[PDB]
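Since the structure comes first, as structure tokens, the remarks are kept for the end.
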Ligand SMILES: [Co+3]
């Protein structure tokens with residue numbers, strides 16, 4: 005699978021039938037339709053003991069991986085029961101500033117979207133978690149182009165070393181708190197992974213407040229490669245799936 009013309013999102017269903025599932029992601033968030041929910045508890049994002057250890061170009065995107073063998077960086081509260089461990093984060097972005105995000109808001113597309121993936125500790129490991137309906141909690145944060153995001157630069161400045169499919173590089177001591185906006189107001193709905201195998205194991209938590217990154221910052225993302233070394237060059241751009249049928253779901257809001 006890929007994002008190209010012969011192996012893009014509208015092809016995934018052939019190898020992966022759950023693509024036309026009942027709780028697929030991403031979706032469009034219609035703000036006048038999301039109901040404020042007061043029984044939602046405030047989000048709790050406990051990242052001060054986070055341990056980052058590697059970044060990898062996997063042929064689709066780049067993942068920054070964390071030590072999840074302990075309860076270091078964890079998400080709880082909001083619509084969540086129990087405790088969720090951070091395992092990695094990545095981005096989806098476009099070939100132009102006017103597209104790139106996966107979620108949209110009142111049909112508006114942002115230049116990119118950050119995904120912080122967590123797995124429920126009651127299932128012991130990520131492999132087992134993805135087989136469960138509340139197996140994962142993903143934090144989704146929109147990127148708009150404006151002034152730079154200081155917290156992002158150290159990520160940007162390693163991409164050269166991981167330019168092609170399969171390359172990796174040590175990434176320790178990175179603090180994911182520097183990628184968070186001021187507000188934790190959010191929307192939440194039940195959904196899925198947005199790449200194959202598209203498993204319907206995710207509680208989505210999408211922040212209302214975007215972060216701002218610079219045009220230079222986004223253009224370094226656009227220099228990465230989908231291909232392998234010594235392979236024909238194809239830029240890593242437009243690695244986003246478009247919005248899927250909301251179907252029988254309700255999006256809830258934390259804020260009035
Ligand atoms: Co993602």
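In the UniProt record's numbering, the protein residues as written are 5 to 260.
Quick reminder that beta carbons are idealized off the backbone N, C-alpha and C, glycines included.
Exposure label - residue 233; buried when at least 16 CB within 10 Å: Sequence index remark: in the chain shown, residue 233 carries index 229 (1-based). So residue 233 ends up on the exposed side.
Any non-hydrogen atom of ligand 1 within 7 Å of residue 198 CB: Locating residue 198 in the chain shown gives position 194, counting from the first residue. Result yes, Cβ under 7 Å from ligand 1.
Cβ pair count under 8 Å reaching 3, the region 82 to 102 against the region 175 to 195: yes
Simplified DSSP assignment, three categories, for residue 207: Within the chain shown, numbered from 1, the residue matching residue 207 stands at position 203. Correct three-state label for residue 207: strand.
Spatial distance of residue 70 from residue 134 (CA atoms): Taking the first residue of the chain shown as position 1, residue 70 is located at position 66. Taking the first residue of the chain shown as position 1, residue 134 is located at position 130. Straight-line Cα distance between these residues: approximately 17 Å.
Residue 96 CB to nearest heavy atom of ligand 1 below 7 Å: Along the chain shown, read from residue 1 onward, the residue named residue 96 stands at position 92. Residue 96: yes, Cβ under 7 Å from ligand 1.
Proximity test, residue 122 beta-carbon vs ligand 3 heavy atom, cut-off 7 Å: This structure lacks ligand 3; the ligands present are ligand 1.
Cα-Cα separation between residue 255 and residue 171, rounded to whole angstroms: Along the chain shown, one-based indexing puts residue 255 at 251. Along the chain shown, one-based indexing puts residue 171 at 167. Cα to Cα, residue 255 sits roughly 38 Å from residue 171.
Span separating the alpha-carbon of residue 61 from that of residue 173: Translated into positions along the chain shown, residue 61 becomes position 57. Translated into positions along the chain shown, residue 173 becomes position 169. The straight-line gap from Cα to Cα measures roughly 9 Å.
Proximal residues to residue 81 (C-beta, below 7 Å), its chain only, five neighbours per side dropped: In the chain shown, counting from the first residue as 1, residue 81 sits at position 77. Excluding sequence neighbours, residue 81 sits near 45, 46, 47 and 48.
Proximity test, residue 107 beta-carbon vs ligand 1 heavy atom, cut-off 7 Å: Position 103 of the chain shown, counted from the start, is the residue given in the question as residue 107. Result no, Cβ not under 7 Å from ligand 1.
Inter-residue spacing [alpha-carbon to alpha-carbon] between residue 14 and residue 142: As a first step, residue 14 is located in the chain shown; it is residue number 10 there, counting from the start. As a first step, residue 142 is located in the chain shown; it is residue number 138 there, counting from the start. Between residue 14 and residue 142, the C-alpha separation is close to 23 Å.
Three-state secondary structure assigned by DSSP to residue 193: In the chain shown, counting from the first residue as 1, residue 193 sits at position 189. Looking at residue 193 - three-state DSSP - the assignment turns out to be strand.
Residue 28 versus residue 151 - alpha carbon distance: Indexing the chain shown from 1 puts residue 28 at position 24. Indexing the chain shown from 1 puts residue 151 at position 147. Taking the straight line from one Cα to the other gives about 33 Å.
beta-carbon residue 15 near ligand 1 non-hydrogen atom, thresh 7 Å: What you label residue 15 is simply residue 11 of the chain shown in a count that begins at 1. The answer is no for residue 15.
Beta-carbon proximity list for residue 53, same chain, < 8 Å, skipping 5 on both sides: The residue you call residue 53 lines up with position 49 of the chain shown. Counting only Cβ-Cβ distances below 8 Å, and skipping sequence neighbours, we find 76 and 77.
Heavy atom of ligand 1 within 7 Å of residue 119 beta-carbon: The residue labelled residue 119 in the question sits at position 115 within the chain shown. Yes, the Cβ of residue 119 comes within 7 Å of a heavy atom of ligand 1.
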